[PDB]
>>> print(open('start-v3.cif').read())   # mmCIF, C-alpha atoms; chains and numbers go by the auth columns
data_target
#
loop_
_atom_site.group_PDB
_atom_site.id
_atom_site.type_symbol
_atom_site.label_atom_id
_atom_site.label_comp_id
_atom_site.label_asym_id
_atom_site.label_seq_id
_atom_site.Cartn_x
_atom_site.Cartn_y
_atom_site.Cartn_z
_atom_site.B_iso_or_equiv
_atom_site.auth_seq_id
_atom_site.auth_asym_id
ATOM 1 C CA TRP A 1 -22.247 18.771 67.256 0.00 1 A
ATOM 2 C CA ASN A 2 -25.221 21.046 67.985 0.00 2 A
ATOM 3 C CA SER A 3 -24.292 24.775 67.717 0.00 3 A
ATOM 4 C CA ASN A 4 -27.512 26.230 69.249 0.00 4 A
ATOM 5 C CA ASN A 5 -25.222 28.140 71.709 0.00 5 A
ATOM 6 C CA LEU A 6 -23.307 29.746 68.724 0.00 6 A
ATOM 7 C CA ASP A 7 -25.372 29.941 65.472 0.00 7 A
ATOM 8 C CA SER A 8 -29.033 30.413 66.657 0.00 8 A
ATOM 9 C CA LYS A 9 -30.511 33.974 67.052 0.00 9 A
ATOM 10 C CA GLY A 10 -34.136 33.034 63.905 0.00 10 A
ATOM 11 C CA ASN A 11 -30.789 33.083 62.056 0.00 11 A
ATOM 12 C CA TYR A 12 -31.519 32.959 58.263 0.00 12 A
ATOM 13 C CA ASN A 13 -27.824 33.127 57.078 0.00 13 A
ATOM 14 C CA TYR A 14 -27.681 29.305 56.494 0.00 14 A
ATOM 15 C CA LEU A 15 -29.040 27.703 53.272 0.00 15 A
ATOM 16 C CA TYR A 16 -29.533 24.334 51.481 0.00 16 A
ATOM 17 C CA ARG A 17 -30.817 22.692 48.206 0.00 17 A
ATOM 18 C CA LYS A 18 -23.895 14.798 45.888 0.00 18 A
ATOM 19 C CA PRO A 19 -20.399 13.100 46.131 0.00 19 A
ATOM 20 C CA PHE A 20 -17.977 16.044 46.705 0.00 20 A
ATOM 21 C CA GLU A 21 -20.066 18.300 44.352 0.00 21 A
ATOM 22 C CA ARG A 22 -21.260 21.818 45.441 0.00 22 A
ATOM 23 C CA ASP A 23 -24.623 23.246 44.254 0.00 23 A
ATOM 24 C CA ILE A 24 -24.010 27.006 43.736 0.00 24 A
ATOM 25 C CA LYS B 1 -8.602 13.570 33.733 0.00 1 B
ATOM 26 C CA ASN B 2 -11.252 14.423 36.377 0.00 2 B
ATOM 27 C CA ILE B 3 -12.351 11.632 38.834 0.00 3 B
ATOM 28 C CA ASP B 4 -13.986 11.783 42.352 0.00 4 B
ATOM 29 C CA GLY B 5 -13.283 15.577 42.498 0.00 5 B
ATOM 30 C CA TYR B 6 -9.544 15.109 41.667 0.00 6 B
ATOM 31 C CA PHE B 7 -8.055 16.634 38.504 0.00 7 B
ATOM 32 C CA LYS B 8 -4.976 14.515 37.575 0.00 8 B
ATOM 33 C CA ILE B 9 -2.086 15.600 35.315 0.00 9 B
ATOM 34 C CA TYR B 10 0.435 13.205 33.698 0.00 10 B
ATOM 35 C CA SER B 11 3.253 14.237 31.314 0.00 11 B
ATOM 36 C CA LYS B 12 6.535 13.423 29.518 0.00 12 B
ATOM 37 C CA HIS B 13 9.058 15.204 27.244 0.00 13 B
ATOM 38 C CA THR B 14 11.126 13.587 24.424 0.00 14 B
ATOM 39 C CA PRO B 15 13.652 14.725 21.782 0.00 15 B
ATOM 40 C CA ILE B 16 12.371 14.473 18.161 0.00 16 B
ATOM 41 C CA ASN B 17 13.440 15.386 14.587 0.00 17 B
ATOM 42 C CA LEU B 18 10.022 14.669 12.910 0.00 18 B
ATOM 43 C CA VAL B 19 8.375 18.088 12.161 0.00 19 B
ATOM 44 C CA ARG B 20 5.445 16.417 10.312 0.00 20 B
ATOM 45 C CA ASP B 21 3.689 14.086 12.817 0.00 21 B
ATOM 46 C CA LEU B 22 3.629 12.111 16.119 0.00 22 B
ATOM 47 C CA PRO B 23 6.578 9.576 16.054 0.00 23 B
ATOM 48 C CA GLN B 24 5.735 5.839 15.690 0.00 24 B
ATOM 49 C CA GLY B 25 6.898 4.374 19.052 0.00 25 B
ATOM 50 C CA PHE B 26 6.216 4.024 22.802 0.00 26 B
ATOM 51 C CA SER B 27 7.066 5.955 26.004 0.00 27 B
ATOM 52 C CA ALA B 28 4.821 6.343 29.102 0.00 28 B
ATOM 53 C CA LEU B 29 3.742 9.578 30.899 0.00 29 B
ATOM 54 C CA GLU B 30 4.503 10.069 34.639 0.00 30 B
ATOM 55 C CA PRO B 31 2.001 11.652 37.120 0.00 31 B
ATOM 56 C CA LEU B 32 3.096 15.259 37.874 0.00 32 B
ATOM 57 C CA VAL B 33 0.177 17.000 39.664 0.00 33 B
ATOM 58 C CA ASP B 34 -3.144 16.144 41.390 0.00 34 B
ATOM 59 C CA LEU B 35 -5.652 18.908 42.279 0.00 35 B
ATOM 60 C CA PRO B 36 -8.572 18.254 44.791 0.00 36 B
ATOM 61 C CA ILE B 37 -10.659 20.944 43.022 0.00 37 B
ATOM 62 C CA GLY B 38 -14.148 19.294 42.678 0.00 38 B
ATOM 63 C CA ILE B 39 -15.096 21.244 39.457 0.00 39 B
ATOM 64 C CA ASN B 40 -17.716 19.728 37.113 0.00 40 B
ATOM 65 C CA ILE B 41 -15.884 19.989 33.704 0.00 41 B
ATOM 66 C CA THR B 42 -17.289 19.534 30.143 0.00 42 B
ATOM 67 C CA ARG B 43 -15.039 21.908 28.057 0.00 43 B
ATOM 68 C CA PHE B 44 -11.405 23.043 27.791 0.00 44 B
ATOM 69 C CA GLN B 45 -9.230 25.600 25.926 0.00 45 B
ATOM 70 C CA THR B 46 -5.433 26.261 25.467 0.00 46 B
ATOM 71 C CA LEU B 47 -3.223 29.328 26.030 0.00 47 B
ATOM 72 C CA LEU B 48 -0.872 30.493 23.252 0.00 48 B
#
>>> encode(input="start-v3.cif", output="structure tokens")
Amino acid sequence: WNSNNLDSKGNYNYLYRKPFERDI
Amino acid sequence: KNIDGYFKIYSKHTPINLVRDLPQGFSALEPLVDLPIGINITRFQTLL
């Protein structure tokens, strides 16, 4: 679901860069 | 073994008297534990 009523501010705390593999 | 983000453990115990080597014979290992841990693994080490 859209969380524009919870997580927007903008808000820079969310970040991004495979099958159940994290990319730390 | 590590497959689809699951780390699987199988094991068995047996009595022996051969100090020198692995005994010539057959017995299968049962699944004990299965960890949904997702780690990319290429190396391992053992605790004394």
>>> resolve_selection(input="start-v3.cif", expression="the PyMOL selection byres ((chain B) within 9 of (chain A))", output="compact mmCIF listing (two decimals) with C-alpha atoms, in the frame of the given file")
# COMPACT_ATOMS: atom_id res chain seq x y z
CA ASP B 4 -13.99 11.78 42.35
CA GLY B 5 -13.28 15.58 42.50
CA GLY B 38 -14.15 19.29 42.68
CA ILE B 39 -15.10 21.24 39.46
CA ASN B 40 -17.72 19.73 37.11
>>> axis_aligned_box(input="start-v3.cif", around="stretch 2-19 of chain B", padding_each_side="5 Å", output="JSON")
{"center_x": -0.2, "center_y": 14.9, "center_z": 27.3, "size_x": 37.6, "size_y": 16.5, "size_z": 40.3}
>>> atom_distance(input="start-v3.cif", atom1="atom CA of residue B:16", atom2="atom CA of residue B:30")
18.8 Å
>>> atom_distance(input="start-v3.cif", atom1="atom CA of residue B:31", atom2="atom CA of residue B:7")
11.3 Å
>>> atom_distance(input="start-v3.cif", atom1="atom CA of residue B:41", atom2="atom CA of residue B:9")
14.6 Å
>>> build_atoms(input="start-v3.cif", residues="stretch 3-16 of chain A", atoms="N, CA and C atoms", output="compact mmCIF listing (two decimals), in the frame of the given file")
# COMPACT_ATOMS: atom_id res chain seq x y z
N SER A 3 -24.85 23.43 67.56
CA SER A 3 -24.29 24.78 67.72
C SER A 3 -25.36 25.80 68.09
N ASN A 4 -26.41 25.37 68.80
CA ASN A 4 -27.51 26.23 69.25
C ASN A 4 -27.03 27.38 70.16
N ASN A 5 -25.93 27.16 70.89
CA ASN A 5 -25.22 28.14 71.71
C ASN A 5 -24.24 29.04 70.92
N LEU A 6 -24.19 28.95 69.59
CA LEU A 6 -23.31 29.75 68.72
C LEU A 6 -24.04 30.37 67.52
N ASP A 7 -24.82 29.58 66.79
CA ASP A 7 -25.37 29.94 65.47
C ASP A 7 -26.87 30.31 65.48
N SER A 8 -27.64 29.96 66.51
CA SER A 8 -29.03 30.41 66.66
C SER A 8 -29.13 31.89 67.07
N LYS A 9 -30.22 32.57 66.70
CA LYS A 9 -30.51 33.97 67.05
C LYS A 9 -31.98 34.21 67.44
N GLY A 10 -35.47 33.45 63.47
CA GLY A 10 -34.14 33.03 63.90
C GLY A 10 -33.00 33.54 63.01
N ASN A 11 -31.87 32.84 63.02
CA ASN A 11 -30.79 33.08 62.06
C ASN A 11 -31.16 32.49 60.68
N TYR A 12 -31.22 33.34 59.65
CA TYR A 12 -31.52 32.96 58.26
C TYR A 12 -30.28 32.85 57.35
N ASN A 13 -29.06 33.06 57.88
CA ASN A 13 -27.82 33.13 57.08
C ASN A 13 -27.36 31.77 56.51
N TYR A 14 -28.01 30.67 56.90
CA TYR A 14 -27.68 29.30 56.49
C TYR A 14 -28.71 28.73 55.51
N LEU A 15 -28.22 28.15 54.41
CA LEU A 15 -29.04 27.70 53.27
C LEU A 15 -28.66 26.33 52.70
N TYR A 16 -29.61 25.70 52.01
CA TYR A 16 -29.53 24.33 51.48
C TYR A 16 -30.36 24.15 50.19
